[PDB]
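Take a look at the structure below.
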Amino acid sequence: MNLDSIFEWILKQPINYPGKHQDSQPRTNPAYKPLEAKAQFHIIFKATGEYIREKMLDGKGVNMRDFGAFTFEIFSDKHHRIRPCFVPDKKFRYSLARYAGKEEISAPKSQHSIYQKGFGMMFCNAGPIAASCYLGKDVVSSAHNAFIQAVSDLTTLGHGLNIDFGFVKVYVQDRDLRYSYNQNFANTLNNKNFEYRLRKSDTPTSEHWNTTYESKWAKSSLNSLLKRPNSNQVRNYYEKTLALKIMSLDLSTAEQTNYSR
Amino acid sequence: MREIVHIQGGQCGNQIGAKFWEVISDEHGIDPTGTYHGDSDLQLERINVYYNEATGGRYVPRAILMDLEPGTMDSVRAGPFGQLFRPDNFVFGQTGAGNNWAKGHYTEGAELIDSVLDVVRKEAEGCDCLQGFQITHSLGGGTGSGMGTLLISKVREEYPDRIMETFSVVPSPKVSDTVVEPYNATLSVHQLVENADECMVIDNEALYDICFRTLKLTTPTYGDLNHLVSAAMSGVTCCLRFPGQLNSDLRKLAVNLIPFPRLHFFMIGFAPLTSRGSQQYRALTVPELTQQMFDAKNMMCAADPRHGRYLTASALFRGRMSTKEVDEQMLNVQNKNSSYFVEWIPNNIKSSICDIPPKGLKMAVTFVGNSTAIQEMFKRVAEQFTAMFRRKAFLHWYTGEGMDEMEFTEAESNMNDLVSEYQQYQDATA
Amino acid sequence: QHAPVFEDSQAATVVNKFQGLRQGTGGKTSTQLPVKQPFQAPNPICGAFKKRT
Amino acid sequence: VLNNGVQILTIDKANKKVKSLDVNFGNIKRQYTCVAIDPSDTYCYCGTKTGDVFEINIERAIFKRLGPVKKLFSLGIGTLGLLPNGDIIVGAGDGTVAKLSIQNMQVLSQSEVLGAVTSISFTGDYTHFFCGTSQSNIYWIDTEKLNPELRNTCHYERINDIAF
Ligand SMILES: Nc1nc2c(ncn2[C@@H]2O[C@H](COP(=O)(O)OP(=O)(O)O)[C@@H](O)[C@H]2O)c(=O)[nH]1
């Protein structure tokens with residue numbers, strides 16, 4: 001499994017995994033042509049992989065809702105040690121059979137769920153991803169819900185999953201699970217500039233209403249994955265070909281000959 | 001037959017359900033031990049609508065209680081009639097939401113909701129033939145306003161054909177006990193208009209006003225408010241449970257009351273309500289019942305219905321009365337108030353009769369009305385929402401766990417469009 | 076190796092009309108509305124014919 | 165495209181001489197008819213009378229792959245075109261439209277057309293292209309779903325006589 005064999009495997013059976021992901025969906029922006037069911041699914045995963053990295057660049061950590069949770073540890077002491109762990113969810117844990125239940129993050133008894141276990145846990149709202157892909161919120165949620173059903177594949181013998189989607193490279197053996205992180209990404213975490221991100225009082229608390237979300241989103245890393253086509257050109261071609269084909273039925277009629285030239 | 005199940009979430013929903021179940025058990029003559037102590041057969045003719053039978057002859061309500069904190073259900077279990085509820089139906093969190101819609105709709109609630117959705121699916125599968133689902137909740141609290149509406153979406157998207165209604169308690173700005181009513185209220189309404197087949201709004205300000213002005217009792221209490229709202233709730237489904245000249249279930253009410261999909265927000269009234277000093281003086285007749293029913297002050301919402309034009313009205317009478325006088329009174333009221341009834345829907349009053357009155361009363365009336373006066377609630381909610389939003393006040397609490405301003409902007413725009421489309425039909429003419 | 080560029084591949088038959096945010100299934104309680112189909116675990120085929128390494 | 169194989173030619177403005185280099189194949193003597201070029205110009209895809217589409221990088225004379233696996237088109241490669249995504253549309257002599265992604269050479273969709281294909285012309289935005297047969301038939305073929313639709317048909321050859 002190379003994160004793509006999963007794509008064809010899930011696309012092969014629609015009855016097992018019925019959803020909006022199985023077929024192409026119109027975009028919210030007419031300037032963009034539609035994608036395939038398989039292609040849009042890969043694009044959604046690239047968008048999510050970048051969304052999680054830019055969230056993890058801050059003190060806030062992201063989790064998948066049924067497939068693990070991306071966290072980091074703070075041992076504590098112009102400066104703290106940060107190390108990512110990627111704990112799995114309980115449903116993913118049950119499917120694993122030989123995976124030892126070793127604890128990688130330690131919390132007291134009052135700290136039970138991952139939301140308070142992690143420092144800055146995130147919902148991973150699929151709204152920004154849907155906006156970036158110009159795709160539907162419902163269909164992107166359906167794609168996530170369909171893909172998180174990898175435990176069914178895992179339960180079958182063998183079938184090692186090597187899923188990457190960017191900085192984190194995570195491998196699943198028969199029942200053994202391991203992971204690795206990008207060395208440069210890890211070094212960025214130890215670049216010791218996170219003292220400002222950890223504290224919430226660094227901002228002068230004035231720009232919260234001065235700065236607009238459009239300005240903040242323009243400088244955000246997201247929305248730069250896909251090139252922007254020429255808006256004039258796209259519907260010029262669109263209505264142009266539409267007229268051409270809607271009245272390309274007959275070639276015989278001339279009504280204007282131009283004999284000599 | 002054609003039974004329904006109850007689900008309540010949050011402190012407000014739990015308090016409403018506690019009194020509603022007491023009222024229905026009292027009306028059916030069920031002892032707090034679950035033992036039948038009624039006097040007529042009719043108290044068992046249609047008991048399946050709300051109660052499931054167990055060995056030993058006892059009954060259990062088919063209600064599911066959900067919350068992110070255990071205190072409310074721990075307190076309500078000790079109250080009268082508290083042993084009826086099946087302890088497995090209680091699902092509770094260990095963290096709480098702290099009146100945050102994001103907390104009560106995204107983080108802890110979604111991982112809690114698997115168990116409650118599973119018990120709901122067992123409850124639905126067990127019963128013979130579903131009729132629908134009913135919810136009671138308040139929009140001023142984060143956990144209730146989150147789990148309530150998210151479960152609405154889940155159950156609606158799972159049983160698209162069954163009817164679905166909610167008693168929603170909307171926060172009035174006059175009596176506001178928190179500082180974050182507009183945010184979660186608008187967010188909840190954004191998807192409530194999408195999924196709720198029927199929504200009926202209740203105002204605490206209006207409850208206080210009616211308690212002080214009509215009953216004229218010295219000390220209003222949440223128990224009295226629960227009693228009033230529970231009587232209103234039971235008046236809706238009385239005819240579904242008892243015989244009558246013209247029965248009308250929730251499906252018939254919904255068919256007759258909504259002209260368009262996106263106008264499913266209603267305001268309700270109950271009669272009679274007579275003051276302390278005047279119970280012996282007033283005479284219970286159909287004209288008196290109708291004139292109190294159409295009184296603006298008898299309303300449980302602060303919206304004045306004379307600021308707009310009634311789209312339609314529906315009345316459920318309880319007791320023994322000849323339908324001729326009822327029809328006469330409805331026609332007379334409609335003729336005498338042509339200014340307040342929009343014209344392209346002539347004869348826009350539905351009437352239904354159930355021959356079993358409430359215990360201790362000979363006649364009663366329940367009212368539901370679709371009118372344009374409700375727009376001012378949304379207008380003022382949007383006003384406070386944008387007033388607190390233009391400075392980005394308290395936005396970090398929401399944005400720290402999955403929220404972006406795009407969702408807030410979309411909800412505001414959607415509710416504004418809802419107001420606009422609700423208001424053009426007021427000015428529409430034939 | 077080689078792989079097609081996934082952003083540029085295009086679907087023509089599907090139209091570009093967008094349903095928008097505004098919709099409404101409330102008040103649409105007709106008996107003919109479609110119902111969600113839950114996921115089903117596939118048949119376990121096991122390894123009675125896999126290679127033994 | 166020489167009958168023997170592929171040749172790359174170099175013209176220089178400095179000297180009128182033309183430099184010829186031959187693309188070599190290991191024990192392959194398939195004959196080549198049509199050719200198309202990657203917009204990146206890194207590769208060129210050439211047809212064959214047998215029915216498989218070979219692909220050769222311009223920089224090196226080696227060929228990287230064979231083409232469609234387990235399937236041949238039975239009358240050669242009449243017309244060849246490329247989409248912006250890299251998918252190649254190929255027309256067979258017997259009359260057949262198929263598209264191959266840049267992956268294992270397996271068809272995503274396949275369809276048949278009357279008469280031998282002779283022309284494929286992609287419209288602007290690369291959708292819903294035009295097809296011209298050897299039997300004087302004009303067809304319009306949608307992309308990502310090969311459904312043949314006849315816009316206009318013409319006479320084959322040599323009308324001899326007309327009657328009323
Ligand atoms: N009718 C009624 N309303 C209540 C009760 N308790 C609270 N409320 C209303 O609900 C609002 C606060 O709701 P809240 O407790 O935050 O809801 P929760 O977060 O789901 O528990 C207040 O404005 C009250 O007016 C009750 O027992 N009965």
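Chains as they are written, first to last, in the authors' numbering: chain 0T, 1 to 77, 98, 102, 104 to 285; chain MB, 1 to 430; chain 0S, 76 to 128; chain 0U, 165 to 328. Where is the CB? At the ideal position from N, CA and C, for every residue including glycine.
query                                                                                                                                                                                           : result
Based on the DSSP output, what are the partners of residue 61 (chain MB) in its beta bridges?                                                                                                   : 51 (chain MB)
Can residue 99 (chain MB) be considered in contact with ligand 1, in the sense that its beta carbon sits closer than 6 Å to one or more heavy atoms?                                            : yes
Report the three-state DSSP secondary structure of residue 230 (chain MB) (helix, strand or coil).                                                                                              : helix
Under a CB-based cut-off of 7 Å, is residue 149 (chain MB) close to chain 0T?                                                                                                                   : no
List the residues of chain 0T that residue 123 (chain MB) touches, going by C-beta distances under 7 Å, in chain order.                                                                         : Neighbours of residue 123 (chain MB) on chain 0T: none; closest Cβ ~24 Å, over 7 Å.
With DSSP as the reference, label residue 206 (chain MB) as helix, strand or coil.                                                                                                              : helix
Spatial neighbours of residue 4 (chain MB) within its chain, please: CB distance less than 7 Å, with the 5 preceding and 5 following residues excluded, ordered by chain position.              : 49, 131, 132, 133, 134
Let me check understanding here. Comparing Cα to Cα, which of 75 (chain MB), 316 (chain MB), 100 (chain MB), 244 (chain MB) lies closest to residue 90 (chain MB)?                              : 75 (chain MB)
How is the beta strand (DSSP E) around residue 199 (chain 0U) delimited, first residue to last?                                                                                                 : 199-201
On the three-state DSSP scale, how would you describe residue 433 (chain MB)?                                                                                                                   : Chain MB is shown from 1 up to 430; residue 433 (chain MB) falls before or after that span and cannot be answered.
Cβ of residue 138 (chain MB) within 6 Å of any heavy atom in ligand 1?                                                                                                                          : yes
Does the beta-carbon of residue 172 (chain MB) have 16 or more other beta-carbons within 10 angstroms, so that it is buried, or is it exposed?                                                  : buried
DSSP puts residue 258 (chain 0U) in a beta bridge; with which residues?                                                                                                                         : According to DSSP, residue 258 (chain 0U) bridges with nothing at all.
When the Cα of residue 166 (chain 0T) is compared with those of 111 (chain 0S), 76 (chain 0S), 88 (chain 0S), which residue comes out closest?                                                  : 111 (chain 0S)
Return helix, strand or coil for residue 250 (chain 0T), following the three-state DSSP convention.                                                                                             : coil
Tell whether a beta-carbon distance below 7 Å holds between residue 300 (chain 0U) and residue 282 (chain 0U).                                                                                  : no
Identify the contact partners of residue 130 (chain 0S) in chain 0T, using a Cβ-Cβ distance below 7 Å as the criterion.                                                                         : The question about residue 130 (chain 0S) has no answer, for chain 0S in this structure spans 76 to 128.
The beta strand (DSSP E) with residue 131 (chain MB) in it runs from where to where?                                                                                                            : 130-138
Shorter than 6 Å, the distance from the beta carbon of residue 204 (chain MB) to the closest heavy atom of ligand 1, or not?                                                                    : yes
May I ask you to check if the CB of residue 166 (chain MB) is nearer than 6 Å to at least one heavy atom of ligand 1?                                                                           : no
Run down chain MB in chain order and give the residues with a C-beta less than 9 Å from the C-beta of residue 98 (chain 0S).                                                                    : 194
Find out if the Cβ-Cβ distance for the pair residue 293 (chain MB), residue 271 (chain MB) is shorter than 7 Å.                                                                                 : yes
Below 7 Å on C-beta distance, what does residue 287 (chain 0U) contact in chain 0T?                                                                                                             : 265
For the region 114-147 of chain 0T, which residues have a CB atom closer than 8 Å to at least one CB atom of chain MB, in sequence order?                                                       : 136, 137, 139, 140, 144, 145, 146, 147
Is residue 149 (chain 0T) close to chain MB? Criterion is C-beta to C-beta, closer than 7 Å.                                                                                                    : yes
Which residue comes first and which comes last in the alpha helix (DSSP H) that contains residue 269 (chain 0T)?                                                                                : 255-270
Taking the alpha carbon of residue 116 (chain 0S) as the point to measure from, which residue in 226 (chain 0T), 176 (chain 0T), 2 (chain 0T), 200 (chain 0T) has its own alpha carbon closest? : 176 (chain 0T)
Does the structure place the region 146-159 of chain 0T close enough to the region 49-64 of chain 0T that three or more beta carbon pairs sit under 8 Å?                                        : yes
Would you say residue 139 (chain MB) and residue 168 (chain MB) are within 7 Å of each other, going by their C-beta atoms?                                                                      : yes
Buried or exposed: residue 59 (chain MB), going by 16 or more other Cβ atoms within 10 Å of its Cβ?                                                                                             : buried
Can you grab the Cα-Cα spacing for the pair residue 25 (chain 0T) / residue 89 (chain 0S), in whole Å?                                                                                          : 7 Å
Write down the C-beta distance between residue 125 (chain 0S) and residue 182 (chain 0T) rounded to the nearest angstrom, noting that I regard them as a contact closer than 8 Å.               : 7 Å
Can you find the residues in the same chain that come closer than 6 Å, C-beta to C-beta, to residue 328 (chain MB), ignoring five residues on each side of it along the sequence?               : none
Residue 28 (chain MB) and residue 8 (chain MB) - do their beta-carbons sit closer together than 7 Å?                                                                                            : no
Does the CB of residue 188 (chain 0U) have a neighbour CB from chain 0T at under 7 Å?                                                                                                           : no
Can you tell me which of 322 (chain 0U), 221 (chain 0U), 268 (chain 0U), 183 (chain 0U) puts its alpha carbon nearest to the alpha carbon of residue 199 (chain 0U)?                            : 221 (chain 0U)
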